[PDB]
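Laid out below as structure tokens are two forms of one and the same protein chain, each shown alone and named structure 1 and structure 2.
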Structure 1
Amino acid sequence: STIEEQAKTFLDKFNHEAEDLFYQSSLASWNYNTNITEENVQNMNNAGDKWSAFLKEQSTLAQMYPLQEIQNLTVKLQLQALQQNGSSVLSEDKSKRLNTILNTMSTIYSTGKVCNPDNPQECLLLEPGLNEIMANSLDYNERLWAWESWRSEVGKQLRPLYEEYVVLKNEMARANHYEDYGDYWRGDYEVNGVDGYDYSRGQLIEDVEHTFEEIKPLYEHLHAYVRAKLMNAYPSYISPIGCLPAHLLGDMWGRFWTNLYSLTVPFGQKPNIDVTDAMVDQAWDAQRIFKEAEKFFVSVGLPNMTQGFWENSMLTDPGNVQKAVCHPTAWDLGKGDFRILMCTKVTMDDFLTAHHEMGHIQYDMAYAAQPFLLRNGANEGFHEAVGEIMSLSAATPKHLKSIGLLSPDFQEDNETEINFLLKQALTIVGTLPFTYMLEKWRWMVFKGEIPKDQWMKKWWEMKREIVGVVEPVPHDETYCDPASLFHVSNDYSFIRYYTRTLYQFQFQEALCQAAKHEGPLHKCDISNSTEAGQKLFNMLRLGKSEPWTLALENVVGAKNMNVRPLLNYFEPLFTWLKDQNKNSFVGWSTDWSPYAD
């Protein structure tokens, strides 16, 4: 029989052992992220250590098939993955150290503690505490300790191992036909096979570059507007001309300025559109949330969460007695097993993140029925970009209103608009420059453009030009600030958040028009419309068996990342920021300082 047949099986003989062999790891791997005992650690790095050996072995027993000599395009690209020597390319008993490094980094993060100065016994984990503070405290000082202490106490520990991490990981990358590890994560976005749809790795970069320009204006005015209302509540601390201090951003990293809402609300007297409060005066809990969320997908086609999910997902920190990584994550253990690990809180933040995490799931399912080594979203952007297509709709006063956290509200005042839209900006635009800059530095390093002795160097120089933010305390190259933001210390590429942000609005400008909407998309409902659910559905199911470029094209006109639908969402808020800012200065100083004073 044909040779494009010794594989059409070799693959399927693979999709069946792997799934279980995987699930064997995902399951143990889960006992860890849910209880950082240690007994659980080993069990875990034993389950994947074999899957390691499994995949490794099946890599050689795979490349036994020549490149082409294969049709049915799928069968070929599916082959692609396997042929690539995994991180096995490493010195067997070397990659071990990587894990040793990887595992720690994780624990350090979800376990590290800073302890109150005036009471060696009042220690705070990052969740919550360093977190609740960096999200609520208004005491420039409380804010300040938390910020520094975290980076100081834990951050510093990370350093040593991060230095080893880039190295080890790099060697693995480059010894795999890539320029570095970054070139690797840029891989995800790559597509070859198809012509006119081919997308290169070096592209993803300059494609973010370009798309970033049209994003700057809207940022600056948004940044120069919140340097204002931020001075208004921390006078004598921030210059009306030089990037705000890192600890007043609304959260440990300033990744999201969504908590600077009460300090920046444009018309703070209209009905708060941060139903974080209405939720408490209704006693909303974890379930109720993930139930009110699951209720959304079901309104637009997509199924209800499986009873298996409801019986294993950890939707609240088990508190003292068992320590689990609290970062919200949507798990796929395969074999039909779907779970979500999130230390849910009754915030409006956790209301949306639920719509996120869930979205991950609704996707993981939507492409379940698909060759195992192919079920995986067109690309990271897409996976991230999905739950955000919901939060976009399920956060509009409209929805929020009808849902409950906003009984019969003041019509929709031409002002509740700039009001609602400023929050979004806070969350969505706030992150773009932060999201970008971090990955850039992340690339620069793997690349090489930043020698070990210049890490915290470029990092803050950068945080200054691009993000438009400065550090409250000179950080020596003893630190490692960009290793105290989960994502970093636990692998996870970061640029999917950038890309996800732009995909987000393209998919939305299409579905509204696929539910017959007739206003700006920042008024677009999308709930109850199967016309919409359906469309998106026919998209999710294809897994990663179709270049995202084509997939994108088949869903929303363009076959690539478009910044304009976003610029359209925030056009109302922009022109207004224009006004409000008329007197205030748009831009910032890359030489200022809140301490050099």
Structure 2
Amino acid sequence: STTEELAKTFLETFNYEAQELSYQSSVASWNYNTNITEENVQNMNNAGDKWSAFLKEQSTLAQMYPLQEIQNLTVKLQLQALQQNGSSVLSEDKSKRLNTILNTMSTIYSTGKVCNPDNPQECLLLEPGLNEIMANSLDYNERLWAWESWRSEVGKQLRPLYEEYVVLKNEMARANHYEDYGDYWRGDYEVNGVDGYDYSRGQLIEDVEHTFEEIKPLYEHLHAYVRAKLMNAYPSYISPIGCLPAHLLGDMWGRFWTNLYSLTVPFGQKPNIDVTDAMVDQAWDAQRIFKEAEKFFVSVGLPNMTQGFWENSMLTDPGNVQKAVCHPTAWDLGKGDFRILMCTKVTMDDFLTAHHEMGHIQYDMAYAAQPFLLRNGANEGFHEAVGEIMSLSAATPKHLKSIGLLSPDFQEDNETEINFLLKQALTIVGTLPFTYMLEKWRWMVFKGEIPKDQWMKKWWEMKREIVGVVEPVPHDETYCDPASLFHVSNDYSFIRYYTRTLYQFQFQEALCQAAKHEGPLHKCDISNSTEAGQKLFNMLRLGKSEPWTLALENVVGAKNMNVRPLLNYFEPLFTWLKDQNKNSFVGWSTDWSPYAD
């Protein structure tokens, strides 16, 4: 009859009601994404709103319970999740307007197009068209064109909205007792009450920046090596001591240097670790891919997929006569209903992707025992981390040999190790500075530290300083380049990609330690190990129930995010780089730019 007991009986009703509405919503969202009928877009919104309403109504009611007046770890968590004053904390107009902005920014980005200045007839969308240029084109100017067009068009448009977005979003943040929207976001990493596992919203920046320091040397060398390589691609356009022209990086923003591989490859004479054709030559279908991935998890002591998984999943593009979205996604509908949606092509990329996806599903399964509100990864970085773990083990020539997709011969010579690691750093290491830099600006912009009259002038004061990248054309304030990147002008916390990245390496290490693994860390295949699964499932079964600090500890034995395992994955590379950089300049000068004067 105390306030604790009234709360328990409350959450009890919530769980049972959420489960029903939530399930109706997912089954709806799914039906639409797998079958884009007109009727469906209504139903997806039908259940989509009842579910929203329910939460809103529950949140407001869950508000009438003092969690500060609760002696029970678990319940407090659930309540606080529900005590989402949400947008509602604002006012009729503010909340209305804010959503107007959110939706507008989202539409502009997704719908914005740029047209060829000396061919106004043909316009291109960021996907594909533009993106396709930024990933394959070797023409400096064409690449310049895209890069600039996109920021000069959709960018400029989002500026006004992003400005107000920051305002409205901040009022909201402060009203819920945060310093700013940044503080809000950083919240996801917080832990109150447990001792030794507690964690603060400031502690994140502290831990982020200190761990980033220990990354620079590796990055600077990667930077120097690609720089010299780029000089040969675009002779004359690059300074051996200066930053890298942002439009030459492989994608629209340089979020990943993955497409730089074609022209930064250490030994182009080396051959094929790419079983893409080996799979094809074996007449592999979507079925085999997934049955295989199942087998993989089964080997470490994890359960088969549910009979339901095979009954309800969509493992291939239905083609026409039934269009669908193709972003590979792992579905946790609820009511023990699991399935994946993926327009599977017989690529090595897709073979790995399948393991990443089924990783998520395996996670969703493990934590199904948790009360509804705890059924989620420890933090935004956990689920992605667990998926990347999987790609890592399956990618190894050892595993691929084990499967019989790689010739049981094939010597894993000292050179294919480099080719491989470099193509990994280009994606994995290349993104850290960018990702940190991105949230660093965002963060500060919400804390008032970056005046509206010094926004873009600060974006680049930091891209040059932090990322070693420069703007091929200068930008004043009619520009809003950061919002030019999806997650930004779509309201998503970005630092996840950093902490995820660091996590997955700690995981992989602890698991190859557990899988008793001798070789270099990047050749490890947790496959066929059960004490590996165990050490993992031990944290996989928690979801949000505990503090990540504990969940993470359950696998690594650490109470915090650690850079060192990540550096260890690139130790063989790091040394090679330093050597290659023997007579090359390591570092950059912020003052140089490709347009000068």
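Think of the rigid core as the biggest set of C-alphas that the two forms share within 1.5 Å after superposition. Just so we're on the same page, residue numbers count up from 1 along structure 1's sequence.
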**Prompt:** Which residue in 435, 506, 393, 170 stands out, with a C-alpha shift of 2 Å or more between structure 1 and structure 2 when both forms are set on the rigid core?
**Reply:** 393
**Message:** Once the core is superposed between structure 1 and structure 2, does residue 160 show a C-alpha displacement of at least 2 Å?
**Reply:** no
**Message:** Superposing on the rigid core, I want to see if residue 294 changes position between structure 1 and structure 2 - specifically a Cα shift of 2 Å or more.
**Reply:** yes
**Prompt:** Just checking, between structure 1 and structure 2 and with the core aligned, does residue 523 shift 2 Å or more at the CA?
**Reply:** no
**Request:** Determine, in Å, the CA shift of residue 352 between structure 1 and structure 2 after the rigid core is used for superposition.
**Result:** 5.6
**Prompt:** In Å, how large is the C-alpha displacement of residue 63 between structure 1 and structure 2 after the rigid core is aligned?
**Reply:** 3.0
**Displacement in Å of the C-alpha of residue 319 between structure 1 and structure 2, rigid core kept as reference** = 11.4
